[PDB]
Protein chains: 2
Amino acid sequence: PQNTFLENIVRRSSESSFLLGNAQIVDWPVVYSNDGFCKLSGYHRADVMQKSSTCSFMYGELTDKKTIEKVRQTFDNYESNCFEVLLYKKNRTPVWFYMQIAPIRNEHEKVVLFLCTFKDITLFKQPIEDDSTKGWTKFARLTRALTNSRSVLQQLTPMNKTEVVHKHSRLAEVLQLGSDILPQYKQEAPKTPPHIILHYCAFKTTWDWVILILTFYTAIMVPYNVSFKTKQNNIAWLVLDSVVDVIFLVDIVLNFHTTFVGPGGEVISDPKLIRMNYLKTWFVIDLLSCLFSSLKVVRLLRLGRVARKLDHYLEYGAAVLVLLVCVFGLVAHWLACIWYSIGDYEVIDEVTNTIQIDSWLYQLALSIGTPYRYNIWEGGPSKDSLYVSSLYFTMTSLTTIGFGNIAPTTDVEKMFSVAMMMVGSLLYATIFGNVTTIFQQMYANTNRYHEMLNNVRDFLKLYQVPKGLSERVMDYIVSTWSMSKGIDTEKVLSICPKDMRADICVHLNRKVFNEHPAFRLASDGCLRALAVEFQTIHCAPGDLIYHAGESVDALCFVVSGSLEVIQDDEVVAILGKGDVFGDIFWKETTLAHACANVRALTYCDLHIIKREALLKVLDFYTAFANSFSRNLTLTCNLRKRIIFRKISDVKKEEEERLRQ
Amino acid sequence: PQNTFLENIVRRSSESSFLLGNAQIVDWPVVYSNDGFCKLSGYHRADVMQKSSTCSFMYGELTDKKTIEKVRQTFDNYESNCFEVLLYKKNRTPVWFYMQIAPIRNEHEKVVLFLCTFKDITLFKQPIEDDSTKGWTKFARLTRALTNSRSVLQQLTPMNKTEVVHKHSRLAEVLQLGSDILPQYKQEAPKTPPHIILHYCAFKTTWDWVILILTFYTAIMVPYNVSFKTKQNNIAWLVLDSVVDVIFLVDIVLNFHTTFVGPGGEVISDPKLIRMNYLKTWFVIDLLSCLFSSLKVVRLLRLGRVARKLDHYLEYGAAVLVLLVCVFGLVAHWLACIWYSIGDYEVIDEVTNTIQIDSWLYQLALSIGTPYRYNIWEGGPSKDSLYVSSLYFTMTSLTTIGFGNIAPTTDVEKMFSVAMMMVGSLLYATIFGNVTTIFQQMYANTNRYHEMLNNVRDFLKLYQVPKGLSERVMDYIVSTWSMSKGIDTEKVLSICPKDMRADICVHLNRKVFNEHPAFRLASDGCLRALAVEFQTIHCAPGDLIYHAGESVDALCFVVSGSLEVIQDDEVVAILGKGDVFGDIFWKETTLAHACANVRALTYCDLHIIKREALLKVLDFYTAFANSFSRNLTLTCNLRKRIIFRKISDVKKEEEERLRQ
Ligand SMILES: [K+]
């Protein structure tokens, strides 16, 4: 979905000086100045911007008061007009301009912008100039200002007193241009000319699959009809052929109304280019449809016509395996048809009207019971037994089995099998290369995990790591691969741009930015700065986050599980399910000593933000920092040491006092 | 092993205000306040914490002295009671609360915690209020305080003078709740409901393997009985079938008492979910057990029943190869049974009672001696020769050998072999993809080492490195791969969390932290900080650690071998087996010049800690640094240069003096 608005204006204006300006703002500041307005006015695109769209920066002591109010009036209430005025220039040269103010709406009509296409007219207006010494210089400036008016604009009828053909010609031009040049400032979609079908539509996919099915049917059925010569008695076998031919003719017709992707861009819906491409490329498919062995062998090119599109149906994976099976079947069928075609030409030699003994059909008849008999020679084996036996031989010859009960033996079967054994070998090699590559690609995901497990196990066994640590490490590896099965967050987030990465990071930490009072008065430009530095750890029971001597270096937000803050082998706090613990990193300026052991009691989920990153973010948005300091209350500050006395010490002191 | 204690309390309390507090500490500080206690008291979970668990932070001038002593009494000696008191609130609103103090023990009874579940009761107590202007406001507050009491708590019998049904109803409620809500504060284990069997237990694995063996037996034996039709004469072949059927029925019964792992978690021992899952999933296996070709072909689904669990038995490696062999055998057996089933229906045509000559059993009888004879047609070949010959043909057809002495030739054997040659090709392709992938994974470990050796050899040969250096480099590579065969410490330590990495690093350097006086008064939080930065080098004889001009930058502890400190080609120290050498990095603030060559005399083992890391650790724990400086004595300080004079110089000076 593109918002092309600056492309529709320029193409449909023929080198104008349009000066788009905002409408909702007071005084209507401009937002864009075309290059044409930068040469017909002398100003650059650094002084025009943020000035009024009424073109009030080139007023003066000679502009008429009868029209200076009218432009403001027509800007007040949203309507289009074609006033003309007298404006100055950067070099203080008076010149008459022809304004064409016209409103431009939103997707829902809200008049967002104000098109202000200009047009220089000086030859057609009365020459007036105050600061001049020679009167002919004004007439010279008349021609100097209008150079294109005598070349392409108004040279149709060059003759005097022709003022009306300049005013009344384009009074309501924008009204006539309401359909030509007044686009809609909306997020558009790929537009299609009339009677044009997109190639991403939900209709072309179904038609493509139907064409695939019908091409597979034709590939199966054409050689069988050509070689075995089934007599056309049933009506169905003819109406089906007629329907298929009509459908593929309709497909050829529809190929003239499809949009091919540009070589260096995206979809191009231009009929001329589409027709040129299809004329240049694919009459190989036009030959087959228009109208017997030769005709049907020509029709077989329809398989190539459906295979030219072998990217909308397929992928690289199991689909390639299915295609490899389907092409092996078709090759085994085509070779079975050619083998019977060869083996029927040699059975009966018409020169002597005698049967050839060293053929393959005669030996079939000699090893199946039914022989050939002479009336001409009458029938022999059936026709449902000459296809099974002809496919069986080619299956023995393509799978490299070769039982050898049906063998090539005359003169030509031996030199046809030499050609068959080459195509069979080539197909077998390609199949057994593709299968290996596909299987390696498929199982490359589950080999890294086992390799890592073996590496870790060998490491833990070589260095004689104790049983407890080895069990904990193996359990951690298995658990972390059981919920993150091959997915690495860093690799996926690295290939995304700076905008989508921040949004994904904000989405991941949605259980800390939503259910926490601290992250309430935070701008969208600050959440996308905090979320990038948030980490996450998946603790296990018994795991220690902070030991009794480590330095607290990061805030941690618990979103699942429970924690236990043990100090002097005494529980002083039980955090869990939305409790923040750590140190006040902003108002200390010093690292602290973790004065208690934080041990996990359940499989936890902590979101960690480091001290340096938190200070870097908080030292830049020095407005959210106040709210963060005034709204974040740590339930367990691991810098202040709590002082207490167990009851055992009290009892011992009481006993000591009782002693003396 | 999870320590779930905050989950058992909340579920079994029905939205209470439990206020767990410590017991061993004096005054019983609290350690956790439920959200309920944060709305029935107005306090947040930042002021309640570290206050007394007797709820002494909401006392006042109206609480009764007859019960304020009783709560302290029952807290002194560990016992449970259900006192009720009058307490204030954060907004100074008097309200009556119903305390339910109850002790909570450890794994070994030590009364760790004190559950202090509260309950608001105001409607049922005498309305008393001091700071009020209107008397009806107190009655309004009676209803305002108790909103859930008229909805779910005590709306069973709404009627007046019903005070007893509020007091005596739950006097000893915690005594009745001693089994409902009073968990044990211990590191628990996955608990199982009665009559529920875990799937990790040592019993389910043996039963699974038994099911695997019996399914393999059934897969072997069912087609043989169906096709070859062995007459059931022996008692064993029937009692074995009955026993197998009974065992698999018992397996179906036990499948109702197994725990399947949750889709987004771990084991779930809930009978309702287990039954719902098994009802939804697997009556395909219930059909086969309950009660002839069709029945046994249905029974063959038991193989799918045992293959659905193809992750508890298998792995990715040689086990896949064993499975591939075992499935090839079973396919060759099933095809051998189907081939004999086809080849027995065609031998004798019952329409004419004549033998078909172009079958495969008749040609077997014609090429094995024993023919078929007519009495009906009597027996021919034996029954132990019709299975060997039927498996031989399928082995020729699946291994793509095809001797062709037994061949498909009638009408149906040719169209059954066409279907056999497709499944054979598919199985062969999958097998030869899996074998290649498995072999690549297996031998990928020993290809990196040879590739590195070849790279190093080509590097040393291209640049014409001298013989000595090349030999030393190759020996070093071979030696370092002979004791670290593929294991990289950094990769294994990088995939571990911050807690296990420190423990592993401490374990690795156990020969320096134990047998050294310097690392004696070191806290557990300091050894885990030093051990991460310790390195290790495996020297070789003749290798120099510090040359005569290098800068000493790290402390080195020798744990194996011997070293030689040569200065001016004179030995001044022989370090070995627990001797530290280097420079005093803390009390110098300046880099030094190594004034002697430290050469290895034997295959050594040095543990190296750099200067910057050592200073960073020692500048943070400024209590261990004093002990480290007062307990570490270097036996060879490579900053102080020793001054001496060889005897040769003395002799030369004496000779010079004797000269004149
Ligand atoms: K062969």
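Residues numbered from 1 in each chain as written, not as in the entry; some residues may be left out. Chains lettered and ligands numbered in written order. Part of a larger assembly, values for the part shown. Heavy atoms only, no water.

Judging from the entry metadata, cryo-EM is the method by which this structure was determined, and 3.5 Å is the reported resolution.

The next point concerns the overall build of chain A. Counting its secondary structure elements, chain A contains 25 helices and 18 strands. Relative to its length of 660 residues, chain A is extended, with a C-alpha radius of gyration of 43 Å against a globular reference of 26 Å. Projecting the C-alpha coordinates of chain A onto the three principal axes gives extents of approximately 135 × 115 × 40 Å. Counting every position in chain A, which comprises 660 residues, the buried fraction comes to 40%. Counting only carbon and sulfur atoms, one obtains 59% of the accessible surface of chain A, whose full area is about 38100 Å². Of the charged side chains in chain A, 70 are positive and 68 negative; the average position of the first set lies 6 Å away from that of the second. (Helix = DSSP H or I, 4+ residues; strand = E, 2+ residues; numbered from the N terminus. Rg over C-alpha atoms; globule rule 2.2 N^0.38 Å. Buried < 20%, exposed > 50% of the residue type's maximum accessible area, 1.4 Å probe, protein only. Areas by Shrake-Rupley, 256 points an atom, 1.4 Å probe, with all protein chains shown as cover. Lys, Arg positive; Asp, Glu negative; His and termini not counted. Charge placed at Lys NZ, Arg CZ, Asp CG, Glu CD.)

What follows covers the interface of chain A and chain B. Opposite the 71 residues of chain A that make contact, chain B presents 74 residues. Taken together, both faces of the contact between chain A and chain B bury some 6500 Å²; the carbon and sulfur share is 64%. Looking only at chain A, the three residues that lose the most surface to chain B are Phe 403, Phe 459 and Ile 574 of chain A, adding up to 11% of its buried area. Applying the counting rule to chain A against chain B returns 16 residue pairs in polar contact. Among the elements that make up the side of chain A that touches chain B, the one with the highest residue count is helix 17 (residues 445–462) of chain A (eight residues). (Contact = heavy atoms within 4.5 Å. Buried area = accessible area lost by both parts, 1.4 Å probe. Polar contact = N/O pair within 3.5 Å; in protein donor to acceptor, adjacent residues only side chain to side chain.)

Quick look at the sheet that holds strand 18 (residues 636–637) of chain B now. Residue and element names in this part refer to chain B. Taken together, five strands build an open sheet; the order of strands is 8-17-11-14-18 and the sheet is mixed. Taken across any chain shown, the strands that pair with only one partner, and hence form the sheet edges, are strand 8 (535–537) and strand 18. Relative to strand 17 (residues 605–610), strand 11 (residues 554–560) runs antiparallel, the two being bridged by six bridges. Looking across to strand 17, one finds that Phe 557 is bridged to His 607. (Pairing = 2+ DSSP bridges.)

With that settled, consider the coordination of the potassium ion. Looking at the metal site, the potassium ion is ligated by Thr 400 of chain A (O), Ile 401 of chain A (O), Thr 400 of chain B (O) and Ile 401 of chain B (O), spaced 3.0 Å from it. Accessibility expressed as a relative area gives 6% for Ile 401 of chain A, which makes it buried. (Donors = N, O, S within 2.8 Å, 3.2 Å for Na, K, Ca; no water.)

With that settled, consider the nonpolar core. One finds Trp 360, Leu 361 and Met 395 of chain A together with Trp 360 and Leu 361 of chain B to be the most contacted residues of the largest nonpolar core, which totals 58 residues. Mapped onto this core, the elements with two or more residues apiece are helix 13 (318–345), helix 14 (361–366), helix 15 (385–398) and helix 16 (413–443) of chain A together with helix 13 (318–345), helix 14 (361–366), helix 15 (385–398) and helix 16 (413–443) of chain B. Tallying contributions element by element places helix 13 of chain A first for this core, with 10 residues. Discounting residues that sit within four places of it in the chain, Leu 361 of chain B has contacts with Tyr 340, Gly 343, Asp 344, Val 347, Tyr 372 and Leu 386 of chain B. In this structure, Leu 453 of chain A together with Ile 504, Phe 585 and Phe 628 of chain B belong to the second largest nonpolar core, which totals 47 residues. (Core = buried A, V, L, I, M, F, W, Y, C linked by side-chain atoms within 4.5 Å.)

This part covers the side chain of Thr 117 of chain A. All names here are of chain A. Positionally, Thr 117 belongs in strand 5 (residues 113–117). For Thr 117, a relative accessible area of 8% corresponds to the buried category. Ignoring any residue separated from it by four or fewer positions in sequence, one finds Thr 117 in contact with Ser 17, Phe 18, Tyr 98, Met 99 and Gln 100.

Moving on, we come to the relation of the copies chain A and chain B. With an axial shift of 0.0 Å and an RMSD of 0.0 Å, the rotation relating chain A to chain B amounts to 90°. Between the two chains, the operation in question is that of a four-fold axis. Of the interface residues in chain A, just 14% have counterparts in chain B that sit at the interface too, so the contact is made through distinct surfaces. (Least-squares fit on C-alpha atoms.)

Quick look at the side chain of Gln 100 of chain B now. Turning to its location among the elements, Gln 100 of chain B is positioned in strand 4 (residues 100–104). Filtering out sequence-adjacent residues up to four positions away, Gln 100 of chain B remains in contact with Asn 81, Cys 82, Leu 115, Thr 117, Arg 170, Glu 173, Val 174 and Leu 177 of chain B.

Another point: unusual backbone geometry. Residues and elements named next belong to chain A. Even without being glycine, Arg 92 reaches a positive phi, approximately 60°. Tracing the sequence through the fold places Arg 92 in the loop between strand 2 (84–87) and strand 3 (95–98). Classification of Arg 92 by relative accessible area gives exposed; the value is 67%.

All names here are of chain A. If you walk across this open sheet you meet the four strands as 9-16-12-13, and the pairing is antiparallel. The sheet is open, and its two borders are formed by strand 9 (544–546) and strand 13 (571–573), each paired with just one other strand. Strand-to-strand twist of the sheet, defined as the mean angle between neighbouring strand axes without regard to direction, takes the value 40°. Where strand 12 (residues 563–566) lies against strand 13, two bridges are found, and the strand directions are antiparallel. (Axes fitted to C-alpha atoms, helices over the stretch in contact; angles between N-to-C directions.)

A few words on the packing of aromatic side chains. Taken as a whole, this structure holds 75 aromatic pairs over all chains when the rule is applied. Here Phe 519 of chain A and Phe 628 of chain A contribute two aromatic rings whose centre-to-centre distance is 5.6 Å and whose plane-to-plane angle is 45°, an arrangement assigned as tilted. With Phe 519 of chain A in the loop between helix 21 (510–513) and helix 22 (524–530) and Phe 628 of chain A in helix 24 (residues 624–631), this pair connects stretches of sequence that are 109 residues apart. Note on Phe 628 of chain A: relative accessible area 2%, which makes it buried. Here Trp 136 of chain B and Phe 139 of chain B contribute two aromatic rings whose centre-to-centre distance is 5.9 Å and whose plane-to-plane angle is 70°, an arrangement assigned as edge-to-face. (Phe/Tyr/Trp six-rings, centres within 6.5 Å; stacked < 30°, edge-to-face > 60°.)

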